[PDB]
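Q: Take 355 as the starting number for the sequence shown in the numbering used here and just add one per residue. Just so you know, even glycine gets a beta-carbon here, dropped at the ideal spot from N, CA and C. My structure is below; once you've seen it, I'll send some questions.
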Amino acid sequence: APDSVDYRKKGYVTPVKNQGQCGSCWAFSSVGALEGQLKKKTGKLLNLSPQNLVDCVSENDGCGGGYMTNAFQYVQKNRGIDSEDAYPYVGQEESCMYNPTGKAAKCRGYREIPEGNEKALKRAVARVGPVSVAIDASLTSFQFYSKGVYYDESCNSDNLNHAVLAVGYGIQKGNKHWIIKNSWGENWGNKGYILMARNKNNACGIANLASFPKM
Ligand SMILES: *[C@]1(O)CN(S(=O)(=O)c2ccccn2)[C@H](C)C=C[C@@H]1NC(=O)[C@H](CC(C)C)NC(=O)c1cc2ccccc2o1
C-alpha cells in the first residue's frame, strides 16, 4: 500500500482526448472529473460531452475559455450532462443542443480545494477520485515535455491559463509527482499525460484552482 494512486489502473479515466484549436480545456477537465465520479457511483466508465459544456455553459465563453466550477454548476442546474455519443465534440461553439435522452450523469454540486493546499488535493485525489486542476502551461518546456517529473521554476503559480486533470500521484526516482491527464491528444507528452512535481511549493499553481463534482 505505497502512498500512491493511479485511477487509470482502476478504470476511472477515459482515453486521452484532443481539444484541438478551441479554448475548451476547461470542458475536458470538467468531463474527466465527472467521468471519474460516474464510474465510482455506478461501476460504468464512459465518455461525457465536453461539447455539451462549451455550447451550454453560459457562464463560460465557449472556445474563448472557461472555469470548471461553472460547468459543474451547469450540470447541476441543468439536471444532467449528455454523453459524448449523444453530443459529439465539434471543436467550435454552437447553440446549446442539450438532449434529455442523452443524459449520462448529473451532479449535486461541487467542492473547491482550498487555494494552494497540495495536501488537500492529495487527499481529495486519494479518497474521491480524479480532480480538476488549473495550471500554468504557457512555458515552452511544458509543451515539449516527454518524460520524467516536470518542474520549471519559471512556472507562474499566479498565471493560471490551462485546465487539466489529476488522475493520481506517486514517486518516480525519489521525485514526487501528480499524474496529470492532458487534452492535447495522445501524441503529446507521455501518451497524453505528464507527471508534474508534487510538494515543490505548489509548482505551476497546480492547487490554486482545483475542484470536483459531487454525485
Ligand atoms: C484552455 O483551452 C487551455 N489553452 S491550450 O490548451 O494551451 C490551447 C491552445 C490553443 C488553442 C486552444 N487552447 C489555452 C491557454 C487557451 C485557453 C483555455 N484556458 C481556459 O479555458 C482557462 C482555464 C482556467 C485557468 C482553469 N479559462 C479561461 O481562460 C476563462 C475563464 C473564463 C470565465 C468567463 C469568461 C471567459 C473565461 O475564460
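1) Under the criterion of a Cβ to heavy atom distance below 7 Å, does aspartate 512 qualify as lining ligand 1?
2) Hey, which unbroken runs of the alpha helix (DSSP H) at 4 residues or more fall wholly within the segment 429 to 485?
3) Where does the unbroken beta strand (DSSP E) through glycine 522 begin, and where does it stop?
4) What do you reckon, is the C-beta of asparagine 515 under 7 Å from a heavy atom of ligand 1?
5) Whose CA, out of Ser383, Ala381 and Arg462, lies closest to the CA of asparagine 432?
6) Can you find a heavy atom of ligand 1 that lies under 7 Å from the Cβ of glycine 418?
7) Cutting at 6 Å between CB atoms, please list the residues of its own chain near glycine 522, excluding the five before and the five after it.
8) Taking 8 Å as the cut-off, decide whether the C-beta atoms of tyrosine 505 and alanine 561 are in contact.
9) For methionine 569, which beta-bridge partners are listed by DSSP?
10) State the start and end residues of the unbroken alpha helix (DSSP H) segment that holds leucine 549.
11) List the residues that DSSP assigns as beta-bridge partners of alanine 491.
12) Taking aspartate 436 as the reference, give the member of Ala458, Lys568 and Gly470 with the closest Cα.
13) Do you know how far the Cα of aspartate 490 is from the Cα of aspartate 415?
14) Would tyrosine 441 pass as a contact of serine 403 if the rule is Cβ separation under 8 Å?
15) Would you kindly work out how many angstroms separate the C-alpha atoms of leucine 400 and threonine 423, rounded to a whole number?
16) What are the start and end residues of the beta strand (DSSP E) that includes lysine 393?
17) Kindly confirm or deny that the segment 360 to 379 and the segment 538 to 545 touch, where touching means at least three C-beta pairs closer than 8 Å.
18) Pick helix, strand or coil for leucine 399, following the three-state DSSP scheme.
19) Ligand 1 and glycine 543: does any heavy atom of the ligand fall closer than 7 Å to the residue's C-beta?
20) Excluding five sequence neighbours on each side, which residues of the same chain lie with their C-beta closer than 6 Å to the C-beta of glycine 502?
21) Skipping 5 residues on each side, what residues in its chain have a beta carbon closer than 6 Å to that of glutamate 466?
22) Would you kindly work out how many angstroms separate the C-alpha atoms of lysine 527 and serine 492, rounded to a whole number?
A: By the coordinates alone:
1) no
2) 472 to 481
3) 516 to 525
4) Under cutoff, so the answer is yes.
5) Distances from the CA of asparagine 432 to each of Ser383, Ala381 and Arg462 were compared; the closest alpha carbon is that of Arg462.
6) yes
7) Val359, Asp360, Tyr361 and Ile533, listed in sequence order.
8) Going by C-beta atoms, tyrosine 505 is not nearer than 8 Å to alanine 561.
9) As far as DSSP is concerned, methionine 569 takes part in no beta bridge.
10) Segment 547 to 551 is the beta strand (DSSP E) holding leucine 549; no alpha helix (DSSP H) there.
11) According to DSSP, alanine 491 shares a beta bridge with no other residue.
12) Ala458
13) Each residue's Cα considered, the two are about 19 Å apart.
14) Yes.
15) 21 Å
16) Boundaries for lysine 393: no beta strand (DSSP E) harbours it, while the alpha helix (DSSP H) harbouring it runs 379 to 396, taken from the DSSP string.
17) With the rule of 3 Cβ pairs closer than 8 Å, the segment 360 to 379 counts as touching the segment 538 to 545.
18) If DSSP states are grouped into helix, strand and coil, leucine 399 belongs with coil.
19) no
20) none
21) Excluding sequence neighbours, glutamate 466 sits near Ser565.
22) 26 Å
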